[PDB]
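Only one chain is shown below, in structure tokens, and it's the form deposited in one PDB entry.
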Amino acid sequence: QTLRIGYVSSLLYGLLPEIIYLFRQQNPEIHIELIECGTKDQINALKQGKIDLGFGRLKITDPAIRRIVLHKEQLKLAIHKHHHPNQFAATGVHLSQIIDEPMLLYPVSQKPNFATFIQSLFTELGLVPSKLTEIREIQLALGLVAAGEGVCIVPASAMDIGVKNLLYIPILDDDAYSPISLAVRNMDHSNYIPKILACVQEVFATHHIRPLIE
């Protein structure tokens, strides 16, 4: 049997690869195909049987799809380490403090996506970012911050991406988090679902994190 798992790349800096690695060692018989797939696109891919599991980073719902929320990652503002030493405290900023700053969004894809999500955080607060640029993928955006192209809001795990000379400052607003979720077809009764969820639990426990399931 072949298990097709959709994922977004920003999740590769967190616990997901560990989870897949553990699943694989526990289930060596199963052939695993990892497939890069945007969060919205995972819905249709699941429906059409092109993937069996979808790991995504923003909330999208569908009646045919069960969304299993694993964890909420706090958002951070990535800045060049010498950018605004006084007005951007290391203890954190509110989104209201950064509307004047050149801001990098990601990815470049058909919307809705993480770029529209981040924009919505401002919109629901009645804030308007003054300059937005859409960048292909998160790692590029962080590279461009270091090169002097402004600021970029990222999930906590992106703090470890190896771009030099950055600081990652907490975003203080309540709604500023990215949910890590696992999507599956509602009428899929395969044993790989409880098996992968068991692996999620083992890895989270290893790291002293309680997942939002159980």
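Numbers follow the displayed sequence, beginning with 1.
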Stretch with higher mean Cα temperature factor, 137 to 145 vs 79 to 87, is 79 to 87
With B-factors read from the PDB entry, the higher C-alpha mean of 148 to 156 and 53 to 61 is in 53 to 61
Tertile call for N165 (CA temperature factor, within chain, third-based) is the lowest
Split the chain's modelled residues into thirds by Cα B-factor; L11 lands in the lowest
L70: C-alpha B-factor third of its chain, per the entry, is the lowest
So, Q26's CA B-factor, relative to its chain, sits in which third? The highest
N44: CA B-factor among chain residues, third -> highest
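If you look for the form solved in complex with a small molecule, you will not find it shown, but the lines that follow are about it.
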In this chain shown alone, the residue from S9, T206, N191, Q25 with a heavy atom within 4.5 Å of the small molecule in the deposited bound form is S9
With heavy atoms only and a cut-off of 4.5 Å, decide whether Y106 touches the small molecule in the deposited bound form.
yes
Item checked: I138, heavy atom within 4.5 angstroms of the small molecule in the deposited bound form -> yes
If we define contact as a non-hydrogen atom of the residue within 4.5 angstroms of the partner, is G150 a contact of the small molecule in the deposited bound form? no
Test of understanding: in the deposited bound form, would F114 fall inside 4.5 Å of the small molecule by heavy atoms?
yes
Exactly one listed stretch (56 to 64, 26 to 34, 164 to 172, 141 to 149) reaches within 4.5 angstroms of the small molecule in the deposited bound form by non-hydrogen atoms, and it is 56 to 64
